[PDB]
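Novice: structure_20.tsv is reproduced in full below (TSV, C-alpha atoms).
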chain	number	residue	atom	x	y	z
A	1	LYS	CA	41.64	54.37	-65.92
A	2	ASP	CA	39.05	52.47	-67.92
A	3	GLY	CA	42.21	50.53	-68.56
A	4	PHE	CA	43.32	52.31	-71.76
A	5	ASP	CA	46.65	54.19	-72.15
A	6	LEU	CA	46.30	56.09	-75.43
A	7	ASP	CA	47.15	59.26	-77.32
A	8	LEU	CA	43.56	59.91	-78.38
A	9	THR	CA	41.53	63.10	-78.04
A	10	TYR	CA	37.85	63.83	-78.39
A	11	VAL	CA	37.88	67.01	-80.53
A	12	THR	CA	34.12	66.90	-80.14
A	13	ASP	CA	31.96	64.12	-78.61
A	14	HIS	CA	31.82	62.41	-82.00
A	15	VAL	CA	35.18	63.38	-83.61
A	16	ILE	CA	38.40	61.78	-82.38
A	17	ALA	CA	42.02	62.53	-83.36
A	18	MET	CA	44.65	60.00	-82.41
A	19	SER	CA	48.07	58.57	-83.26
A	20	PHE	CA	48.96	55.54	-85.31
A	21	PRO	CA	47.69	52.11	-84.14
A	22	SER	CA	51.11	50.34	-84.05
A	23	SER	CA	51.90	46.65	-83.67
A	24	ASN	CA	49.12	53.14	-79.28
A	25	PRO	CA	49.42	49.40	-79.67
A	26	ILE	CA	46.75	48.28	-82.26
A	27	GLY	CA	45.12	45.68	-79.94
A	28	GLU	CA	44.42	48.40	-77.37
A	29	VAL	CA	43.11	50.98	-79.85
A	30	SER	CA	40.91	48.24	-81.40
A	31	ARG	CA	39.67	47.19	-77.92
A	32	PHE	CA	38.89	50.87	-77.18
A	33	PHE	CA	36.58	51.43	-80.18
A	34	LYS	CA	34.93	48.03	-79.75
A	35	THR	CA	34.29	48.87	-76.04
A	36	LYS	CA	33.27	52.55	-76.20
A	37	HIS	CA	31.77	52.76	-79.66
A	38	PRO	CA	30.71	49.16	-80.65
A	39	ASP	CA	29.46	49.13	-84.34
A	40	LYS	CA	29.35	52.91	-84.44
A	41	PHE	CA	32.88	53.94	-85.45
A	42	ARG	CA	34.70	54.76	-88.67
A	43	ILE	CA	38.45	55.16	-88.78
A	44	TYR	CA	40.38	57.31	-91.22
A	45	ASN	CA	44.01	56.50	-91.87
A	46	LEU	CA	45.68	59.47	-93.51
A	47	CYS	CA	49.17	57.95	-93.88
A	48	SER	CA	50.43	57.46	-97.40
A	49	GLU	CA	53.40	55.56	-95.99
A	50	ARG	CA	51.79	52.87	-93.72
A	51	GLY	CA	48.61	50.78	-93.36
A	52	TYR	CA	47.84	48.10	-90.77
A	53	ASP	CA	45.45	45.19	-90.17
A	54	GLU	CA	42.07	46.89	-90.78
A	55	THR	CA	40.28	43.70	-89.59
A	56	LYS	CA	41.24	44.77	-85.98
A	57	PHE	CA	38.71	47.51	-86.66
A	58	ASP	CA	36.16	45.24	-88.44
A	59	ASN	CA	37.18	46.67	-91.82
A	60	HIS	CA	35.76	50.09	-91.09
A	61	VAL	CA	38.95	51.93	-92.17
A	62	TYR	CA	38.89	54.58	-94.89
A	63	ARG	CA	42.36	55.47	-96.37
A	64	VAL	CA	43.35	58.96	-97.55
A	65	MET	CA	46.92	58.93	-99.07
A	66	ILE	CA	48.69	62.00	-97.70
A	67	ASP	CA	52.46	62.44	-97.47
A	68	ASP	CA	53.84	63.63	-94.15
A	69	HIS	CA	54.28	67.49	-94.13
A	70	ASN	CA	52.05	67.60	-97.29
A	71	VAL	CA	48.31	68.00	-98.23
A	72	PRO	CA	45.69	65.63	-99.68
A	73	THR	CA	44.61	66.32	-103.27
A	74	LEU	CA	41.65	68.62	-103.17
A	75	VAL	CA	39.57	65.85	-104.73
A	76	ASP	CA	40.56	63.48	-101.93
A	77	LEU	CA	39.74	66.09	-99.30
A	78	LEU	CA	36.26	66.61	-100.69
A	79	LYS	CA	35.69	62.82	-100.97
A	80	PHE	CA	36.71	62.43	-97.34
A	81	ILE	CA	34.22	65.14	-96.38
A	82	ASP	CA	31.35	63.30	-98.32
A	83	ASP	CA	32.21	59.95	-96.69
A	84	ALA	CA	32.38	61.44	-93.19
A	85	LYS	CA	29.14	63.45	-93.81
A	86	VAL	CA	27.17	60.26	-94.75
A	87	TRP	CA	28.60	58.35	-91.73
A	88	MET	CA	28.08	61.14	-89.23
A	89	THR	CA	24.48	61.96	-90.30
A	90	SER	CA	23.12	58.34	-90.58
A	91	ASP	CA	23.09	57.81	-86.77
A	92	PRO	CA	23.43	60.32	-83.92
A	93	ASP	CA	25.86	58.01	-82.09
A	94	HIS	CA	28.24	57.39	-85.08
A	95	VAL	CA	31.76	58.72	-84.52
A	96	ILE	CA	34.82	59.21	-86.78
A	97	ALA	CA	38.40	58.82	-85.70
A	98	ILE	CA	41.15	60.49	-87.69
A	99	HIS	CA	44.84	59.70	-87.60
A	100	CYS	CA	48.17	59.36	-89.14
A	101	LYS	CA	51.18	59.50	-86.91
A	102	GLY	CA	52.07	62.82	-85.33
A	103	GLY	CA	48.42	63.53	-84.49
A	104	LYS	CA	48.98	66.95	-85.97
A	105	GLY	CA	49.45	68.35	-89.56
A	106	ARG	CA	47.57	65.82	-91.76
A	107	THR	CA	45.04	65.05	-89.01
A	108	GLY	CA	44.35	68.73	-88.34
A	109	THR	CA	43.87	69.51	-92.07
A	110	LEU	CA	40.94	67.01	-92.23
A	111	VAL	CA	39.59	67.58	-88.74
A	112	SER	CA	39.44	71.37	-89.30
A	113	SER	CA	37.76	71.00	-92.72
A	114	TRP	CA	35.25	68.56	-91.09
A	115	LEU	CA	34.50	71.18	-88.34
A	116	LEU	CA	33.75	73.71	-91.14
A	117	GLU	CA	31.55	71.18	-92.90
A	118	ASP	CA	29.66	70.55	-89.67
A	119	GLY	CA	29.06	74.33	-89.19
A	120	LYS	CA	30.86	74.68	-85.81
A	121	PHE	CA	33.05	77.53	-87.17
A	122	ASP	CA	32.51	79.94	-90.03
A	123	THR	CA	36.26	80.33	-90.94
A	124	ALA	CA	39.30	78.10	-91.45
A	125	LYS	CA	41.29	80.14	-88.94
A	126	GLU	CA	38.85	79.48	-86.06
A	127	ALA	CA	38.43	75.77	-86.85
A	128	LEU	CA	42.28	75.52	-87.04
A	129	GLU	CA	42.84	77.27	-83.66
A	130	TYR	CA	40.09	75.10	-82.12
A	131	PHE	CA	41.76	71.87	-83.17
A	132	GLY	CA	45.13	73.36	-81.99
A	133	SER	CA	43.56	74.03	-78.53
A	134	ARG	CA	42.28	70.37	-78.26
A	135	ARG	CA	45.62	68.79	-79.10
A	136	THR	CA	47.90	70.83	-76.83
A	137	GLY	CA	44.73	80.17	-80.21
A	138	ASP	CA	47.36	79.66	-82.94
A	139	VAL	CA	46.58	78.22	-86.45
A	140	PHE	CA	50.08	76.64	-86.29
A	141	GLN	CA	48.98	74.61	-83.35
A	142	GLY	CA	46.26	73.21	-85.58
A	143	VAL	CA	48.41	72.02	-88.50
A	144	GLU	CA	52.13	71.89	-89.31
A	145	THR	CA	52.58	73.67	-92.58
A	146	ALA	CA	51.34	76.76	-94.42
A	147	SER	CA	49.99	74.58	-97.27
A	148	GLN	CA	47.88	72.67	-94.70
A	149	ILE	CA	46.37	75.99	-93.63
A	150	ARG	CA	45.81	76.91	-97.34
A	151	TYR	CA	43.93	73.69	-98.03
A	152	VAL	CA	41.60	74.14	-95.06
A	153	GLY	CA	41.03	77.67	-96.54
A	154	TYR	CA	40.38	76.04	-99.94
A	155	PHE	CA	37.64	73.90	-98.33
A	156	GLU	CA	36.10	77.04	-96.79
A	157	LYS	CA	36.13	78.76	-100.20
A	158	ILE	CA	34.51	75.74	-101.87
A	159	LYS	CA	31.77	75.71	-99.27
A	160	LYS	CA	31.13	79.45	-99.34
A	161	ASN	CA	31.65	80.41	-102.95
A	162	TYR	CA	31.30	77.27	-105.10
A	163	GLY	CA	28.30	75.59	-103.50
A	164	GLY	CA	30.26	72.84	-101.83
A	165	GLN	CA	31.59	71.50	-105.12
A	166	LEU	CA	34.78	72.00	-107.18
A	167	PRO	CA	35.24	75.36	-109.03
A	168	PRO	CA	35.36	75.74	-112.84
A	169	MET	CA	38.60	74.26	-114.17
A	170	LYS	CA	41.55	76.58	-114.75
A	171	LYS	CA	44.87	75.43	-116.27
A	172	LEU	CA	48.13	77.42	-116.02
A	173	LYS	CA	51.74	77.61	-117.17
A	174	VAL	CA	54.34	79.18	-114.87
A	175	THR	CA	56.33	81.70	-116.86
A	176	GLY	CA	58.19	83.42	-114.02
A	177	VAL	CA	59.31	83.31	-110.43
A	178	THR	CA	60.30	86.27	-108.19
A	179	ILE	CA	61.87	86.00	-104.75
A	180	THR	CA	62.22	89.14	-102.52
A	181	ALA	CA	64.62	89.57	-99.53
A	182	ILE	CA	67.17	87.27	-101.18
A	183	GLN	CA	70.29	88.42	-99.21
A	184	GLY	CA	71.14	85.92	-96.51
A	185	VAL	CA	69.21	83.08	-98.29
A	186	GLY	CA	71.81	80.65	-99.62
A	187	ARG	CA	74.31	82.74	-101.68
A	188	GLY	CA	72.06	85.79	-101.51
A	189	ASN	CA	71.75	86.14	-105.25
A	190	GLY	CA	69.68	83.08	-106.46
A	191	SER	CA	72.71	81.30	-107.93
A	192	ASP	CA	72.51	78.23	-105.57
A	193	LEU	CA	68.75	77.76	-106.21
A	194	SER	CA	66.69	75.41	-108.35
A	195	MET	CA	62.91	74.96	-108.58
A	196	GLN	CA	61.00	71.71	-109.17
A	197	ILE	CA	57.29	71.64	-110.12
A	198	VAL	CA	55.54	68.38	-109.19
A	199	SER	CA	52.09	67.25	-110.38
A	200	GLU	CA	50.50	63.86	-109.42
A	201	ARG	CA	53.63	62.82	-107.64
A	202	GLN	CA	55.86	63.37	-110.64
A	203	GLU	CA	58.34	66.02	-111.67
A	204	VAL	CA	56.90	68.01	-114.55
A	205	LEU	CA	59.58	70.69	-114.67
A	206	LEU	CA	62.99	71.37	-113.21
A	207	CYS	CA	64.71	74.81	-113.34
A	208	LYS	CA	68.35	75.40	-112.31
A	209	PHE	CA	68.84	79.14	-111.93
A	210	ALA	CA	72.68	79.71	-112.24
A	211	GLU	CA	72.92	77.53	-115.34
A	212	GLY	CA	69.77	78.76	-117.25
A	213	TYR	CA	68.46	75.11	-117.29
A	214	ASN	CA	64.77	75.73	-118.43
A	215	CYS	CA	65.07	79.37	-117.23
A	216	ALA	CA	67.04	82.66	-117.11
A	217	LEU	CA	67.96	84.36	-113.75
A	218	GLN	CA	68.30	88.06	-113.05
A	219	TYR	CA	69.68	89.22	-109.68
A	220	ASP	CA	68.81	92.75	-108.64
A	221	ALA	CA	71.13	93.80	-105.77
A	222	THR	CA	69.48	97.27	-105.49
A	223	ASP	CA	66.07	95.76	-104.87
A	224	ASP	CA	67.46	92.74	-102.96
A	225	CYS	CA	65.57	90.24	-105.17
A	226	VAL	CA	65.82	87.77	-108.01
A	227	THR	CA	63.53	87.24	-110.95
A	228	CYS	CA	63.63	84.21	-113.23
A	229	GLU	CA	62.00	83.74	-116.53
A	230	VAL	CA	60.62	80.12	-116.47
A	231	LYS	CA	60.80	78.20	-119.78
A	232	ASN	CA	59.15	75.03	-121.10
A	233	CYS	CA	56.51	74.71	-118.34
A	234	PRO	CA	53.86	72.12	-119.35
A	235	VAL	CA	50.20	73.00	-118.85
A	236	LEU	CA	49.47	72.49	-115.15
A	237	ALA	CA	46.13	71.32	-113.78
A	238	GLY	CA	45.00	70.46	-110.26
A	239	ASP	CA	47.23	70.31	-107.13
A	240	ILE	CA	50.71	71.50	-107.82
A	241	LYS	CA	53.71	71.44	-105.42
A	242	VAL	CA	56.66	73.80	-106.01
A	243	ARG	CA	59.91	72.85	-104.28
A	244	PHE	CA	63.11	75.01	-104.09
A	245	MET	CA	66.42	73.25	-103.61
A	246	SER	CA	69.85	74.71	-102.91
A	247	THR	CA	73.50	73.72	-103.46
A	248	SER	CA	74.37	76.07	-100.59
A	249	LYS	CA	75.67	74.66	-97.30
A	250	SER	CA	74.31	77.53	-95.39
A	251	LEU	CA	70.68	76.93	-96.51
A	252	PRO	CA	69.22	74.05	-94.37
A	253	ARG	CA	66.40	71.67	-95.46
A	254	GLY	CA	63.21	71.83	-93.42
A	255	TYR	CA	60.36	69.39	-94.18
A	256	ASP	CA	60.12	67.62	-97.51
A	257	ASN	CA	63.83	67.49	-97.85
A	258	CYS	CA	64.25	71.00	-99.16
A	259	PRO	CA	64.82	74.56	-97.97
A	260	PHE	CA	61.21	75.70	-98.86
A	261	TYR	CA	58.18	74.62	-100.84
A	262	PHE	CA	54.42	75.14	-101.26
A	263	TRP	CA	51.22	73.67	-102.70
A	264	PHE	CA	48.46	75.40	-104.65
A	265	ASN	CA	45.54	74.23	-106.83
A	266	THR	CA	45.38	75.76	-110.33
A	267	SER	CA	41.56	76.26	-110.23
A	268	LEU	CA	41.78	78.36	-107.07
A	269	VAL	CA	44.48	80.81	-108.24
A	270	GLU	CA	43.16	84.32	-108.80
A	271	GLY	CA	44.43	86.23	-111.79
A	272	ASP	CA	47.83	85.90	-113.35
A	273	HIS	CA	50.00	85.28	-110.31
A	274	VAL	CA	50.26	83.92	-106.82
A	275	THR	CA	52.33	85.78	-104.23
A	276	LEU	CA	53.09	84.14	-100.86
A	277	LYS	CA	54.34	85.89	-97.77
A	278	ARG	CA	56.85	84.21	-95.44
A	279	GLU	CA	54.13	82.69	-93.18
A	280	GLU	CA	52.49	81.28	-96.30
A	281	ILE	CA	55.51	79.23	-97.47
A	282	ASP	CA	56.37	75.77	-96.06
A	283	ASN	CA	59.55	75.87	-93.83
A	284	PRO	CA	60.09	79.70	-93.70
A	285	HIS	CA	56.81	79.81	-91.73
A	286	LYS	CA	58.71	78.41	-88.64
A	287	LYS	CA	60.20	81.08	-86.38
A	288	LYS	CA	63.50	79.09	-86.02
A	289	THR	CA	64.29	80.28	-89.60
A	290	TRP	CA	63.38	83.99	-89.42
A	291	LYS	CA	67.02	85.15	-89.41
A	292	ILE	CA	67.33	83.50	-92.83
A	293	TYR	CA	63.87	84.40	-94.24
A	294	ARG	CA	63.21	88.06	-93.17
A	295	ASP	CA	59.74	89.61	-92.83
A	296	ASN	CA	59.64	90.88	-96.43
A	297	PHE	CA	60.66	87.39	-97.83
A	298	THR	CA	58.08	86.45	-100.50
A	299	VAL	CA	57.78	84.01	-103.47
A	300	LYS	CA	55.67	85.02	-106.42
A	301	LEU	CA	54.85	82.80	-109.37
A	302	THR	CA	53.74	84.45	-112.62
A	303	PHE	CA	51.38	82.47	-114.92
A	304	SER	CA	49.99	82.45	-118.40
Take the structure in this file and express it as structure tokens.

Specialist:
Amino acid sequence: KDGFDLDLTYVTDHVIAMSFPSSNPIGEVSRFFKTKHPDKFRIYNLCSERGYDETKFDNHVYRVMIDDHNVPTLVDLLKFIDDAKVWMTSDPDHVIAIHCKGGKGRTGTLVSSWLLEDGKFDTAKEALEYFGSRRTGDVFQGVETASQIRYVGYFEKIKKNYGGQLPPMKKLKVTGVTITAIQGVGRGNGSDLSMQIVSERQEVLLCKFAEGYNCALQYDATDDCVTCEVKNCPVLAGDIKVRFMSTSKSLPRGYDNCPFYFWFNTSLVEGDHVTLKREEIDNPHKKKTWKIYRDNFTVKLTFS
């Protein structure tokens, strides 16, 4: 129309979400920002997996390293918010454009936190539905995973309860895991399952439930659940991902190459446990899986 053919959306007049500038061919995305926002744009590339020629955008590209179907570190989220705040407030015509690839999970985690920082919404849930409504009211139109939703909620908590800065440090050891509604999940008794805890991109603990490898499994058929005592957990600090793997052929992988997983940050855990409902766990949150993960499916981690 103005001669551009692009997956690009104005979420607001000064906040753009878009797809990856590939070589949207990069020469056209580049021409677009140089034509409609000359000297007044800043681009954010959220892809851990891929960069590009940032000189097509006059070197005004800020990188946040986020894995697809995952979350930024909370530190990186807050740094992004500071960088965008300085850019956005130094000139009424400055704009920010946010992207990775799918225009959706990673992009919506940062756009929705930005919309909270700018005061347009009071709650993560409204900012999330609002971004969902600009791409396509459902929070799962805003981002892809339950951890993405959690991290926008972490930003809201930081803003509201911790003065816009990180909370006092809390460190944890996982000593137990409990999974309810286990029938129908893999072998229905925990025996196909293992659990990996990942910190700073590395495995810090692996548990294999049938074998008692760093753990001991109890299956309670009456209560339709499994408990496992977790052994040898190192002290955990910061953003932690917990992944559950299965030897079972009937238990499919969703995102992240595993049946189900989640992120949490140790300083934002309340008390001695975290319990997540089905819609709060990555992969069981998708309705295509709700004959495997029933409505009372939950994962609880116990801490010391």

Novice: Go ahead and compute the interatomic distance for CA of residue 12 (chain A) and CA of residue 144 (chain A), in Å to one decimal.

Specialist: 20.8 Å

Novice: Between A:131, A:140, A:255, A:154, which residue has the minimum interatomic distance to residue 287 (chain A), considering all atoms listed in the file?

Specialist: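 Among A:131, A:140, A:255, A:154, it is A:140 that comes nearest to residue 287 (chain A).
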
Novice: Restricting the calculation to all atoms listed in the file, which member of A:233, A:98, A:61, A:6 is positioned closest to residue 171 (chain A)?

Specialist: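 Nearest to residue 171 (chain A): A:233.
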
Novice: Quick one: residues within 10 Å of residue 115 (chain A), all atoms listed in the file counted, chain neighbours fewer than 6 positions away excluded, as a PyMOL selection string?

Specialist: chain A and resi 11-12+15+121-124+126-128+130-131

Novice: Selection from above, C-alpha atoms, as a compact mmCIF listing (two decimals), in the frame of the given file, can you write it?

Specialist:
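File out-v3.txt, as written:
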# COMPACT_ATOMS: atom_id res chain seq x y z
CA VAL A 11 37.88 67.01 -80.53
CA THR A 12 34.12 66.90 -80.14
CA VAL A 15 35.18 63.38 -83.61
CA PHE A 121 33.05 77.53 -87.17
CA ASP A 122 32.51 79.94 -90.03
CA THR A 123 36.26 80.33 -90.94
CA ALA A 124 39.30 78.10 -91.45
CA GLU A 126 38.85 79.48 -86.06
CA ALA A 127 38.43 75.77 -86.85
CA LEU A 128 42.28 75.52 -87.04
CA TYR A 130 40.09 75.10 -82.12
CA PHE A 131 41.76 71.87 -83.17

Novice: With only C-alpha atoms as the atoms that count, which of A:148, A:180, A:189, A:19 lies nearest to residue 225 (chain A)?

Specialist: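 Of A:148, A:180, A:189, A:19, the one nearest residue 225 (chain A), counting only C-alpha atoms, is A:180.
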
Novice: Using all atoms listed in the file, pick whichever of A:40, A:187, A:99, A:106 has the shortest atom-to-atom distance to residue 68 (chain A).

Specialist: A:106

Novice: Just the number, please: distance in Å from CA of residue 139 (chain A) to CA of residue 101 (chain A), one decimal.

Specialist: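 Computing the Euclidean distance for CA of residue 139 (chain A) and CA of residue 101 (chain A) yields 19.3 Å.
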
Novice: Compile the contact shell of residue 183 (chain A) as a PyMOL selection string: residues with an atom at most 12 Å away, counting only C-alpha atoms, same-chain residues fewer than 2 positions apart removed.

Specialist: chain A and resi 179-181+185-191+219-226+251+291-294+296-297

Novice: Any idea what the distance is between CA of residue 207 (chain A) and CA of residue 228 (chain A)?

Specialist: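 Here the two named atoms are 9.5 Å from each other.
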
Novice: Taking 6 positions as the minimum chain separation for residues in the same chain, which residues sit within 12 Å of residue 3 (chain A) when counting all atoms listed in the file? Answer as number ranges by chain.

Specialist: A: 28-29, 31-32, 35-36

Novice: Please identify all polymer residues within 8 Å of residue 22 (chain A), counting only C-alpha atoms, omitting same-chain residues fewer than 3 positions from it, and present them as a PyMOL selection string.

Specialist: chain A and resi 25-26+52

Novice: Under the rule that all atoms listed in the file are counted, which of A:100, A:78, A:182, A:197 is the nearest residue to residue 21 (chain A)?

Specialist: A:100

Novice: For residue 158 (chain A), which residue out of A:107, A:267, A:30, A:90 is the nearest one, using only C-alpha atoms?

Specialist: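 Once distances to residue 158 (chain A) are computed over only C-alpha atoms, the minimum belongs to A:267.
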
Novice: Quick one: everything within 8 Å of residue 175 (chain A), counting all atoms listed in the file, minus sequence neighbours fewer than 5 positions away in the same chain. Send it as an mmCIF file with C-alpha atoms, keeping the file's coordinate frame.

Specialist:
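Output contents, as saved in part_23.cif:
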data_model
loop_
_atom_site.group_PDB
_atom_site.id
_atom_site.type_symbol
_atom_site.label_atom_id
_atom_site.label_comp_id
_atom_site.auth_asym_id
_atom_site.auth_seq_id
_atom_site.Cartn_x
_atom_site.Cartn_y
_atom_site.Cartn_z
ATOM 1 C CA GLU A 229 62.000 83.740 -116.530
ATOM 2 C CA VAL A 230 60.620 80.120 -116.470
ATOM 3 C CA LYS A 231 60.800 78.200 -119.780
ATOM 4 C CA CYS A 233 56.510 74.710 -118.340
ATOM 5 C CA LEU A 301 54.850 82.800 -109.370
ATOM 6 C CA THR A 302 53.740 84.450 -112.620
ATOM 7 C CA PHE A 303 51.380 82.470 -114.920
ATOM 8 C CA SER A 304 49.990 82.450 -118.400
#

Novice: Just write region 157-227 of chain A with C-alpha atoms, as a PDB file, in the first residue's frame, taken from the block above.

Specialist:
ATOM      1  CA  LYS A 157       4.680  -8.034  41.403  1.00  0.00           C
ATOM      2  CA  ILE A 158       8.057  -6.292  41.177  1.00  0.00           C
ATOM      3  CA  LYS A 159       6.373  -3.054  40.194  1.00  0.00           C
ATOM      4  CA  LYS A 160       3.637  -3.228  42.811  1.00  0.00           C
ATOM      5  CA  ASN A 161       5.320  -4.783  45.804  1.00  0.00           C
ATOM      6  CA  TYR A 162       9.099  -4.337  45.442  1.00  0.00           C
ATOM      7  CA  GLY A 163       9.315  -0.761  44.197  1.00  0.00           C
ATOM      8  CA  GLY A 164      10.238  -1.656  40.655  1.00  0.00           C
ATOM      9  CA  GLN A 165      13.415  -3.437  41.707  1.00  0.00           C
ATOM     10  CA  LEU A 166      14.375  -7.064  42.471  1.00  0.00           C
ATOM     11  CA  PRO A 167      13.100  -8.640  45.757  1.00  0.00           C
ATOM     12  CA  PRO A 168      15.350  -9.751  48.656  1.00  0.00           C
ATOM     13  CA  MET A 169      17.313 -12.848  47.628  1.00  0.00           C
ATOM     14  CA  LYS A 170      15.929 -16.258  48.577  1.00  0.00           C
ATOM     15  CA  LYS A 171      17.772 -19.540  47.869  1.00  0.00           C
ATOM     16  CA  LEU A 172      16.092 -22.974  47.930  1.00  0.00           C
ATOM     17  CA  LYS A 173      16.677 -26.720  47.717  1.00  0.00           C
ATOM     18  CA  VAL A 174      13.945 -28.944  46.270  1.00  0.00           C
ATOM     19  CA  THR A 175      13.371 -31.832  48.641  1.00  0.00           C
ATOM     20  CA  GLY A 176      10.182 -33.260  47.142  1.00  0.00           C
ATOM     21  CA  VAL A 177       7.868 -33.427  44.184  1.00  0.00           C
ATOM     22  CA  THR A 178       4.151 -34.425  44.162  1.00  0.00           C
ATOM     23  CA  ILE A 179       2.051 -35.028  41.069  1.00  0.00           C
ATOM     24  CA  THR A 180      -1.779 -35.458  41.376  1.00  0.00           C
ATOM     25  CA  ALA A 181      -4.120 -37.106  38.775  1.00  0.00           C
ATOM     26  CA  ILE A 182      -1.320 -39.456  37.674  1.00  0.00           C
ATOM     27  CA  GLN A 183      -3.525 -42.167  36.034  1.00  0.00           C
ATOM     28  CA  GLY A 184      -3.469 -41.816  32.268  1.00  0.00           C
ATOM     29  CA  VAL A 185      -0.138 -39.839  32.334  1.00  0.00           C
ATOM     30  CA  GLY A 186       2.534 -42.132  30.917  1.00  0.00           C
ATOM     31  CA  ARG A 187       2.317 -45.425  32.900  1.00  0.00           C
ATOM     32  CA  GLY A 188      -0.054 -43.870  35.428  1.00  0.00           C
ATOM     33  CA  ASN A 189       2.185 -44.555  38.389  1.00  0.00           C
ATOM     34  CA  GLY A 190       5.292 -42.263  37.961  1.00  0.00           C
ATOM     35  CA  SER A 191       7.569 -45.129  36.904  1.00  0.00           C
ATOM     36  CA  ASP A 192       8.294 -43.738  33.357  1.00  0.00           C
ATOM     37  CA  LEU A 193       9.103 -40.235  34.705  1.00  0.00           C
ATOM     38  CA  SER A 194      12.305 -38.321  35.371  1.00  0.00           C
ATOM     39  CA  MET A 195      12.823 -34.701  36.445  1.00  0.00           C
ATOM     40  CA  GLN A 196      15.667 -32.371  35.408  1.00  0.00           C
ATOM     41  CA  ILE A 197      16.383 -29.062  37.204  1.00  0.00           C
ATOM     42  CA  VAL A 198      18.216 -26.516  35.032  1.00  0.00           C
ATOM     43  CA  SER A 199      19.882 -23.303  36.252  1.00  0.00           C
ATOM     44  CA  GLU A 200      21.795 -20.867  33.923  1.00  0.00           C
ATOM     45  CA  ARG A 201      21.354 -23.196  31.023  1.00  0.00           C
ATOM     46  CA  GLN A 202      22.917 -26.145  32.785  1.00  0.00           C
ATOM     47  CA  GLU A 203      21.603 -29.286  34.408  1.00  0.00           C
ATOM     48  CA  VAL A 204      22.050 -29.023  38.153  1.00  0.00           C
ATOM     49  CA  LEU A 205      20.097 -32.146  39.090  1.00  0.00           C
ATOM     50  CA  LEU A 206      18.589 -35.165  37.411  1.00  0.00           C
ATOM     51  CA  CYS A 207      16.089 -37.521  39.140  1.00  0.00           C
ATOM     52  CA  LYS A 208      14.929 -40.852  37.641  1.00  0.00           C
ATOM     53  CA  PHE A 209      11.876 -41.980  39.588  1.00  0.00           C
ATOM     54  CA  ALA A 210      11.626 -45.819  38.946  1.00  0.00           C
ATOM     55  CA  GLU A 211      15.318 -46.349  39.684  1.00  0.00           C
ATOM     56  CA  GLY A 212      15.696 -44.076  42.805  1.00  0.00           C
ATOM     57  CA  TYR A 213      18.461 -42.098  40.940  1.00  0.00           C
ATOM     58  CA  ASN A 214      18.793 -39.003  43.299  1.00  0.00           C
ATOM     59  CA  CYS A 215      15.278 -39.737  44.665  1.00  0.00           C
ATOM     60  CA  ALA A 216      12.716 -42.247  46.040  1.00  0.00           C
ATOM     61  CA  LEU A 217       9.205 -42.646  44.454  1.00  0.00           C
ATOM     62  CA  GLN A 218       5.977 -43.560  46.195  1.00  0.00           C
ATOM     63  CA  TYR A 219       2.854 -44.286  44.118  1.00  0.00           C
ATOM     64  CA  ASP A 220      -0.468 -43.926  45.901  1.00  0.00           C
ATOM     65  CA  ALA A 221      -3.181 -45.646  43.810  1.00  0.00           C
ATOM     66  CA  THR A 222      -5.943 -44.717  46.330  1.00  0.00           C
ATOM     67  CA  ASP A 223      -5.194 -41.029  46.009  1.00  0.00           C
ATOM     68  CA  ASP A 224      -4.219 -41.271  42.310  1.00  0.00           C
ATOM     69  CA  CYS A 225      -0.873 -39.503  42.884  1.00  0.00           C
ATOM     70  CA  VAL A 226       2.860 -39.926  43.249  1.00  0.00           C
ATOM     71  CA  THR A 227       5.234 -38.358  45.711  1.00  0.00           C
TER      72      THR A 227
END
